[PDB]
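Structure 1 and structure 2 below are two forms of the same protein chain, each written out on its own as structure tokens.
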Structure 1
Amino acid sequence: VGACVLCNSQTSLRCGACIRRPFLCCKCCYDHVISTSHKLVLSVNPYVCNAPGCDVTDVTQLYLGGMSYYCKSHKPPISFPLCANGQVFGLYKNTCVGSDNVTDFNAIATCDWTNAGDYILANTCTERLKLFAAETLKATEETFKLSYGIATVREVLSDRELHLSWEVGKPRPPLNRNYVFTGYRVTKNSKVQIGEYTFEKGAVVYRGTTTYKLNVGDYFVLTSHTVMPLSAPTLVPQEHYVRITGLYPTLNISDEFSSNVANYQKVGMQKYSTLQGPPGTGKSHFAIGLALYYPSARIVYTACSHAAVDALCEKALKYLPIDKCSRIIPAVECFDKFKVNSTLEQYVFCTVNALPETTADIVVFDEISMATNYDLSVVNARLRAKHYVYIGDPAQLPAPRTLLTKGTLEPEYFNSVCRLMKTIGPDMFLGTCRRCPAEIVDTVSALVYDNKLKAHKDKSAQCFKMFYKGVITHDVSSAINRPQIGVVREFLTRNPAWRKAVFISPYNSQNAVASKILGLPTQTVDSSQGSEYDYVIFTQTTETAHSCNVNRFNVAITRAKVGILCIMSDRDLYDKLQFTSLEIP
């Protein structure tokens, strides 16, 4: 028994072809089964033919005869169908509303999640359907990881480099840091974990969670995790207050957090508040500063990534009493300077999926562009708070959608929070970039921030751009542009001070080639997010949807504190770079 996800109607049915098996009421179950290929139905039992060796599962060909279900062929003389009068048969057969359209829920139930439209619907549908869609998606994502062939260690060529043997009659996943493996050692009568791993074309380079002497027969699978059902909405119902509520502001603050006093008050005068923090505008500074402005306030800081929760801890470590902080960790090496897994501690720092059920004065969720509606619901499910602050930047990178291939995913469709920030704007905006040279700030202010992002620093006169298409080669799942790396090699010989630069590209393969030919440290734009470097060398590599995504370009060029060389493929972003142009040697 449960709740129709369209009617909320109390029902004893679930769609057996829907991977999540939503509860559907008589009405909605019918309206679902007669309008889609979804025809298995589950009650306190499965609507299947209890006759011996008949495969009839379809609910539109089944009859309740006695207290056992049967198809046309097997049914007893006295039987009624299971599926007639616009209602499939089950408990609570009287209480059952329906819907003017079931269209959206059918699409969510039956889409494969390859098309943009699927993610758009999941972010414009009713809130109950936002939850259903978020589960359906995450479970579809986790199942697709199983369709991947097992990789097995054939040969250990070196230390940090392997030969992989791959399960036949299955595809192999891409080898970039968006595919994280778990290893396993072969045992008597089962297997045990040996850490998480990542791979890259070599033979294969492997970067593992722990160190080992892993030997032949050790094998690797993308570990999938059981997706829980979602209860809580992605956003609580909003409220606006006329005073600050349940928070007691400090009387003496420091001139370090004084630019945020207005904003911290706003946080106290509404139930939740959206903060857009462009690159190096001070999001974490803002987030810790909030504590000092409400010193009695209990504050759970949360984010999707260990990395993001840890950067909050690093900042906390410099301003908040250590004894009054705790890092929640489930039984990967994360921040270890606060008492571990102490929930009743004033300042709790914890990833979303490891959050305890607990209350707080304020909840600070960071790097929000990386949150899915799934994570939103979980936070609301685990944390009841007087005040929720969602810090992030919808002009930065979302969570990867591995299944997505047809269309691009717009920032207004990353999650419920980013939808709000792109449609009604954010509650607050950190408008001054402390990190980048003026040229980079000017460029992205115009590009993605409506010309409201101002440069704290001057022009560096150290930002350059070159238009060089060069030559694009493709390996299995990545791009390489050797002539763009050539141009960078030639620039470095003439500009040797740039040897302190990081190499960023939108492809880990370009990165690998660059590493061998330049010996610059490398990041993918995605791997670079929330990191700063004095000098950055960016090769666009291709003119793809991927390499020209304005949010990826935004993150790419905002990693520089002092100077940047962009070797560009795309005439459009090339022309949008307010940088000194360079001719080709």
Structure 2
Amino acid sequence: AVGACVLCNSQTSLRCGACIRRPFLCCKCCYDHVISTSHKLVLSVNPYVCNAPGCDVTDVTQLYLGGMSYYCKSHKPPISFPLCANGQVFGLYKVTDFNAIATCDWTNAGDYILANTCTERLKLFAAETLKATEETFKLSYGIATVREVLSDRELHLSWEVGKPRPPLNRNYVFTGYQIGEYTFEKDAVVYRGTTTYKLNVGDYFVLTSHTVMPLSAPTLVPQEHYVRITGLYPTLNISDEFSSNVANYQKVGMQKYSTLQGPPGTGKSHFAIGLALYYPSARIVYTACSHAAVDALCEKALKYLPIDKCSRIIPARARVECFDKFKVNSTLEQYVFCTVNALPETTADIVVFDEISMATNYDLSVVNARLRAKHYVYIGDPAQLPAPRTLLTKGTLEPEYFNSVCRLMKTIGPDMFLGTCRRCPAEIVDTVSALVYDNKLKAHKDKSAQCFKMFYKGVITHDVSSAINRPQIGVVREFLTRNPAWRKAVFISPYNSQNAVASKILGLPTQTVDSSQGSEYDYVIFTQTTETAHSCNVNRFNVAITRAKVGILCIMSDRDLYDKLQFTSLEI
């Protein structure tokens, strides 16, 4: 009932009753809120409402204090002070940007821009408000009731009329009735049940609207520089493998937090797990937003770190299969590998946060509020894909606005930059180096002479809003008959529905760009599918073509990105 003002920390009894989060506002800051917004309900121990029976005046600007009681202009006694006077709202202990965060619906890019250019307290208010807004939107979607069960991987769905039907991909996980979480792909629909329950007729599926806890810890703790390595103990016997990262590993020990920008295949995994071998006594908690990123870090630890001193932290709600080779849920092991949402409350010599472009400011705050650590290391790449913003429909979110780390990396530069790509044929390294890395990314590999492009707009059909280009898949089919080395290729495209079609016609394994991130395949076939903003996004384009170790075929729709591709062009 009494806390600190989210804009200046000044003590107060005043909360805004109109803000979805109900932030504490001091008398000065609460005034400049209610005088500039549709927000006029103020809360104290008792709410600021006229006390006259049956009176419905709740607007703080139309109210007064009558002794220790509140009344409107129509009910106030002769001796009454206005609640809104000389730049203040009356409360105990007696912002433009706060107003925009408080009142925005989060459908505009400028909203996320402001959520990342504002003060640090207003970054937490923004992340709360947004995450709340994201959840109360999941209510807006219709329920899906099973009409009939066909097979162990297909059924027919009946959708609640009046309420819209959510996009039917992987980024939308339903809660089934709790028969465990479930996902669907396209009148027969393919069902993927986290728990193998023999789907019954009438059983209904609904989207998981989780309760948005409030944020306490900053996105980033304040930066500390040291004179010498602090609370860590280096080796002077350090494997030649990791000799390239010794100067970076010493920067990590001589700062509170550090930023590593690592373009595809520049040895992020290698750097993170090498940090443990360089400070071999140090307790490290390895965290990322996804189970895939954390399981990636587990595979690298398995190779180089002692398996006994490693534990994979899995929450009791088993959502996806993940890493098996460690001891599970031993929080006290020197090496702990855990998704941000499952982190325990503990401390660490070093916390390593990986896949930092996929992290929200909400994730940056949670991490700092569960883990107290001597050193924090932020590993990722602002030139890769951000967390999907399900509410954002107007404007494109630039990398400098993904989170506070990406903002740092794009403005003051990262602390450390892995600058040599060991994965990709030079054709791919040269293209993305120019596209997103201002020509600072170097090829270790030679040109493969197995990187082809083809400009072929084909024909764009849609399943709802997800795009399909059958002619582009026809061009791929033709290529495969003449290029049998590509039989093993991973088919990639920016659209599930295109991948679904390509799966049936080609029989190739299938990946969206967004699900391909952090993976690598010998051969990649990418069809752009459309000329949309989604399919032309340079971060997405970067990830798509940097999945390939040996070869890539890009069938393109965008003249620009086709011409940028430093690949051999094909005819037809």
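In this text, the rigid core denotes the largest set of C-alpha atoms whose superposition between the two forms falls within 1.5 Å. Reference numbering: structure 1, starting with residue 1.
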Task: Residue from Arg128, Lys75, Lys422, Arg401 whose Cα, after superposing the rigid core, lies 2 Å or more away between structure 1 and structure 2 - done: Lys75
Task: Residue shift check between structure 1 and structure 2, rigid core fit, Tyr533 Cα at least 2 Å - done: no
Open item on the list: Is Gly66 displaced by at least 2 Å at its C-alpha between structure 1 and structure 2 when the rigid core is overlaid?
Closed with: yes
Open item on the list: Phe553: after superposing the rigid core, is there a C-alpha shift of 2 Å or more between structure 1 and structure 2?
Closed with: no
- [ ] Any chance you could measure the C-alpha shift of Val56 between structure 1 and structure 2 with the core superposed, in Å?
- [x] 4.2
Task: Distance moved by the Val88 C-alpha between structure 1 and structure 2 (core-aligned, Å) - done: 3.1
Task: Rigid-core-superposed Cα shift at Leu162 between structure 1 and structure 2, Å - done: 0.7
